[PDB]
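K.L.:
Got a structure for you, written out below as structure tokens; questions coming shortly.
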Amino acid sequence: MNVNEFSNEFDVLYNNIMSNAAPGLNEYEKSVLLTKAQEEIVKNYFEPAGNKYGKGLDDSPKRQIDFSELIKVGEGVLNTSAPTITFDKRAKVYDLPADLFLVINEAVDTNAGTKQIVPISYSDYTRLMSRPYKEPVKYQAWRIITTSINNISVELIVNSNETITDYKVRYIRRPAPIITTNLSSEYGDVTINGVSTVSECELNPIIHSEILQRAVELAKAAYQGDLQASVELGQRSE
Amino acid sequence: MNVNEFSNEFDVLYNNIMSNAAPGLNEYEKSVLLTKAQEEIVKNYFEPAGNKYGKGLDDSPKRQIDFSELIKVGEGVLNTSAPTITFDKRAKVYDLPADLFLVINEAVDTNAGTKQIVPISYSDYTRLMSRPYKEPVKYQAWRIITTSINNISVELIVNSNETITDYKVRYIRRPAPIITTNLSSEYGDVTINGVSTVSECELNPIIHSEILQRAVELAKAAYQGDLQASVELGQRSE
Amino acid sequence: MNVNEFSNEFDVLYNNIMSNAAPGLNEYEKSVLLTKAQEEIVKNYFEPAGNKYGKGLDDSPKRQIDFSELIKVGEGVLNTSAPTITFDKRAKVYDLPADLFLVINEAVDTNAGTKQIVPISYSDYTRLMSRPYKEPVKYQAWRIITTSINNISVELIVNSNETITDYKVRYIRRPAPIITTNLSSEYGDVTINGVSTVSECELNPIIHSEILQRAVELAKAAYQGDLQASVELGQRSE
Amino acid sequence: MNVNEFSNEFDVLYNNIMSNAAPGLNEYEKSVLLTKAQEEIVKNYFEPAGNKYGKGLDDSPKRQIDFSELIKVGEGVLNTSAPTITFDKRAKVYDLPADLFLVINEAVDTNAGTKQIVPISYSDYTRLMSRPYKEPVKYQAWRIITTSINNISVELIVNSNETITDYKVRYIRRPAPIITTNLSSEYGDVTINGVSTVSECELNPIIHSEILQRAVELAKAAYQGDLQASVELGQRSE
Amino acid sequence: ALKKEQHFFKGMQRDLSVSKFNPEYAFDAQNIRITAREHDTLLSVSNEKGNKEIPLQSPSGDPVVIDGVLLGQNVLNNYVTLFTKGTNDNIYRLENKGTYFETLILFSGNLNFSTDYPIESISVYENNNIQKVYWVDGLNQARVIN
Amino acid sequence: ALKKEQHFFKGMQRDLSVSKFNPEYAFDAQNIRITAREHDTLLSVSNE
Amino acid sequence: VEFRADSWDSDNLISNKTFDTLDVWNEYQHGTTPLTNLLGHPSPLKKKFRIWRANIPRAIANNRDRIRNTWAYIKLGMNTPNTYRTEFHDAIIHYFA
Amino acid sequence: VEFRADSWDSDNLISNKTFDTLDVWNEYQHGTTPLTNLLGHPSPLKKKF
């Protein structure tokens, strides 16, 4: 459903009025609510415990089609430009794409061969670095976060005596805003996520209806103004 | 989202949908509530028991990308400038960085080799110092906090007959304030954390909507609620 | 957050007014409430069962950073000046620092070697003094409280045939008051803990927000005047 | 806190936040309620079942520092002045100190050696005196209370063929009253525990805030509550 | 928030304490009308309509400038009679036509007038030619004009 | 505490029993004006 | 300050201009805002569903000073040149006691 | 005794001085206080909001 249909169905279900004599719900307001609704839907349908079915990304075909048009595969770029300091001795710092939302699969191609990357926790790092060998298994590599500046930088801790030739990242792309009209026309300099023009939704038509329903619920709870509703529907903000 | 976007979406969520039907909120108050919100979200999403999912720092990809832009790796500096008194005989006092929020991984590079540091409790210290050897294991080092003056000083208790050449600290950086406008223009002298000018959020866009919603709930409780609302919503402040 | 920010954010969250035409909340009152709030926060985050997470001093990094800027290490001074009477025959009385809040680690350096001190209960004393040897284990020393005069005196019951050369005490320093303005200006001789001038908070910025929220809750419950609220929020006074 | 600080913070907690919106309280009444509060806190924090944490005297460091400034070690004096009648044949009557609140450790130094005293119950006495030997174990001594006249007299039942050279008592001293002003100035003849002048709290500053809060609750129950409030709050008087 | 208060506007009231004012009245108001004039705006606050200049066109068509200060007027049936001081002490007759006032000068001379003694008049209609206007000052003799 | 009672000042009354006095009246008053003079102080006690 | 009102210009409705200033003051406070309407950005005056609503000003002495008293004078009025008829029906005052 | 009141001095508000004495008495009691206001210390008279 293109953005015009989004706004029209928002009108059908929320009873706001299109006339400017009685200011109803502005297109900026509906754009903001739809952006928040799609972000919430992504965060709830990704984590299995955020929805009512207990199913996350790859637990059913419907979730797969929901997240299909956000899955992106890109390469990591070496951070040798900045001579920063790492936490490990054998850590090659790599910069990730800017339009990153969630990482789901990482791989590194070394001279020995491709090795899937394991996101290791701060406790597992201390646990496995208190042992004799202090290296990963033959078919895996470690990854921890490091000093980042308006980006995301990762320390790729691969076993010594090896060199990193590539770093692929399969990730969920950051969803773009849902904007129904050029906001610069009536509204001076208002933006959603740095965008002022029409931004048609970049997601599958499967969850367009869920986004619309969530936006309508958020609009009703916002106009109600009750604190209880605000907290109850902020519970689903993650 | 930009700070202007923060304010406008805050007035679209609070203030009903920009109806001017709730207590008017100033820019300083909005900045204060957004700062409080980002501290609250950080403290709740680090501790697994503070959130609704039961997941902490590195228990899911979402938390990793949430805390990504706050992870900082820095070196501790010897505190030999002040001849203070230590609690242990073999303790080399080190000063931690000033912009420290939470420590998650610490290591020390000695002549024998790198040794991951274990934060030992006040009871575990007494338990392990009542034994024959009274030294750590071959591949670990102890750390306890001591006299600090407007900083954080740590006693590095490494095994005897060894020297410390480096002390690296992977810590969560203190988040910067969220300020929507230059507070010195309209207001005489008011600051959030010692800052008076505009301050963009130094976090990933993942938790920006969560921060906005938490700020909205805090505003609603403070400006439209009673003592019960404040007490109930202060539970999620830790 | 310096004390000016403390008062300003107290104003933002409690809606008290800065003008002296309508007397709102005096700076002395906010100083008292903040002092009580920090004392309560210390007592609740120290004891694991006082908070909602079940975590005390050294059960998480956040508690460690909370109590970092209070941990102090100091030496005990012999009480040979006053020839008082002890409860044990081999008890060397020692005076502790005046700015003592809570003891967490004690050690004594004798001619035999360093020995961690065990705070023994009044029942354990009778239990272990009803046995043949009536001495501690080879690697520990006992400690019980004795006659104190505006101080804290401890009977150091170390095994006979040994001499005490040092007595180190790692303790949590007594927090200083939080005062926003020189109280002597408007208020004749009011004090918080023997202090009348500005006393910037000596704790980490981590729990500044918790202190502020607790102070706001206490202010609301005090102005409410209900007995039920008073008891409910006095439950958290320990 | 000083007694003036006690009164001012009491009027900041009770009396709303110094709004004069609750029953006015005199200095004598405040002194009485503070004295009652300190007795209540002592009795509740000694008995583990009286508090909310389930911890008594020496079950945590906080309780130790709470009771530190009341622990007193004193010698018992032989009651040979009065030829009273004892219940046991080998009982040497001894008089305890007058400023006695609670006994926690007692010992006797005989020609054979020091022997920790066991407070035996009225039933245990009958049980152990119905046996062949009818004497304590080699390393203990018995104690039972007998005829006392405005004091405390104790029957020291030590094993026969032995003599008593010393009787040491480590006891909790009776707390002194908390009086804010010379009561003889405005009031004719009123006392708290036989004292009419200003009396600083003879306790550690740890429990001063607890005493203040308990006094506030007592004042609220007495001056703003009904019979139910008094009955409910009298439960915590023991 | 917690509570609300509706306020109605039935008039304007003063002289009453702020603590005991009544919501149905206004404490002060400038250029408002609470009565239905030109529309059905009764009991609803509305603007006060503005004025419209009317030219004082003579029968010949030239403009008629009035000398100076006014002392009093008189509307007989449709003829307004102005008694004005100034350089001279004049008298006028104004008749309201469709869009202009047919202004005539009935006299211009030294009729002893003073601004401290304004005019108070009575006017009668006895026939199409005897249309009199009696007027009196507190200083001078009573006079008549047809 | 338990209860409250608002009192208004509409004038001054006497000759009535204390047990049956009315809250809207004052029992005695010196140099006060309950009428709006020089300001809008009608029904509000003000100085003379 | 919730209030209904309508402005007209020779039979033609004007839903953009109702008032131009709001003075609110008491024994110890005096604030004023211009009552402007910005569609996208927050503004002192904003309309939705044919019900205008305005924020009571904050005292000029301290811009953080909300109007808080047992009573307050509230003054609506146009003080910019214009020629419109402004039917001003009612006015509700939301407060927190 | 809760009560609203305002004191002025040539248009200028005075929020510090309202009354100076409070006699309360009955058939068998008679008390009086001076109604002073001390900002920090407790006093018979205190104003807030």
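Going through the structure tokens in order, the chains are called A, B, and so on, while each chain numbers its residues from 1 and the ligands are numbered from 1 in the order shown.
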Enumerate as a PyMOL selection string the residues belonging to chain E that approach chain F to within 8 Å, with only C-alpha atoms taken into account.
P.N.:
chain E and resi 14-18+20
K.L.:
Write the residues of the preceding selection, restricted to C-alpha atoms, as a PDB file, in the first residue's frame.
P.N.:
```pdb
ATOM      1  CA  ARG E  14     -16.085  44.504  39.016  1.00  0.00           C
ATOM      2  CA  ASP E  15     -15.737  45.674  42.629  1.00  0.00           C
ATOM      3  CA  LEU E  16     -15.713  42.024  43.823  1.00  0.00           C
ATOM      4  CA  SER E  17     -12.836  40.132  45.398  1.00  0.00           C
ATOM      5  CA  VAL E  18     -10.729  37.905  43.162  1.00  0.00           C
ATOM      6  CA  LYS E  20     -15.004  35.421  45.333  1.00  0.00           C
TER       7      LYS E  20
END
```
K.L.:
Counting only C-alpha atoms, collect the residues of chain E whose closest atom lies at most 7 Å from chain G, and write them out as a list in words.
P.N.:
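Per the criterion, chain E yields residues 1, 2, 3, 4, 5, 6, 7, 8, 18, 19, 44, 45, 46 and 47 of chain E.
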K.L.:
Using only C-alpha atoms, which protein or nucleic acid residues come within 10 Å of residue 79 in chain C? Drop anything in the same chain fewer than 5 positions from it, and give the result as number ranges by chain.
P.N.:
C: 84, 92-96, 153-155
K.L.:
Go ahead and dump the residues you just picked, N, CA and C atoms, as a compact mmCIF listing (two decimals), in the first residue's frame.
P.N.:
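Once written, again-v2.txt looks like this:
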```
# COMPACT_ATOMS: atom_id res chain seq x y z
N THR C 84 41.64 1.60 79.36
CA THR C 84 40.33 1.01 79.60
C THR C 84 40.47 -0.49 79.87
N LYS C 92 44.16 -6.10 71.95
CA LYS C 92 44.77 -4.79 71.74
C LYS C 92 43.70 -3.88 71.14
N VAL C 93 43.33 -2.84 71.87
CA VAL C 93 42.25 -1.95 71.45
C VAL C 93 42.79 -0.98 70.40
N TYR C 94 42.03 -0.79 69.33
CA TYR C 94 42.39 0.11 68.24
C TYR C 94 41.22 1.02 67.91
N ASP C 95 41.53 2.28 67.62
CA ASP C 95 40.52 3.26 67.23
C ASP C 95 40.43 3.33 65.71
N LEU C 96 39.20 3.45 65.21
CA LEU C 96 38.91 3.48 63.79
C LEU C 96 38.71 4.91 63.31
N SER C 153 35.80 1.65 68.76
CA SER C 153 36.96 0.92 69.26
C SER C 153 36.74 -0.57 69.07
N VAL C 154 37.80 -1.28 68.69
CA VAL C 154 37.74 -2.70 68.36
C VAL C 154 38.80 -3.44 69.15
N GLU C 155 38.41 -4.56 69.75
CA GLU C 155 39.35 -5.47 70.39
C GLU C 155 39.88 -6.44 69.34
```
K.L.:
So that I can see what lies close to residue 42 in chain E, please list as a PyMOL selection string the residues with an atom at most 10 Å from it, counting only C-alpha atoms and leaving out residues fewer than 5 positions away in the same chain.
P.N.:
(chain E and resi 10+33-37) or (chain G and resi 89)
K.L.:
Take the residues just selected and output them with C-alpha atoms as an mmCIF file, in the first residue's frame.
P.N.:
```cif
data_model
loop_
_atom_site.group_PDB
_atom_site.id
_atom_site.type_symbol
_atom_site.label_atom_id
_atom_site.label_comp_id
_atom_site.auth_asym_id
_atom_site.auth_seq_id
_atom_site.Cartn_x
_atom_site.Cartn_y
_atom_site.Cartn_z
ATOM 1 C CA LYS E 10 -22.877 36.837 30.776
ATOM 2 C CA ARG E 33 -20.598 42.867 22.706
ATOM 3 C CA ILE E 34 -22.429 40.060 24.505
ATOM 4 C CA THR E 35 -25.727 40.787 22.679
ATOM 5 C CA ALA E 36 -26.882 39.532 19.278
ATOM 6 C CA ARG E 37 -26.231 42.487 16.952
ATOM 7 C CA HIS G 89 -18.197 31.446 22.822
#
```
K.L.:
Just need the residues of chain D within 10 Å of chain F, counting only C-alpha atoms, so spit them out as a list in words.
P.N.:
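Selected residues: residues 21, 22, 23, 220, 221, 223, 224, 225 and 226 of chain D.
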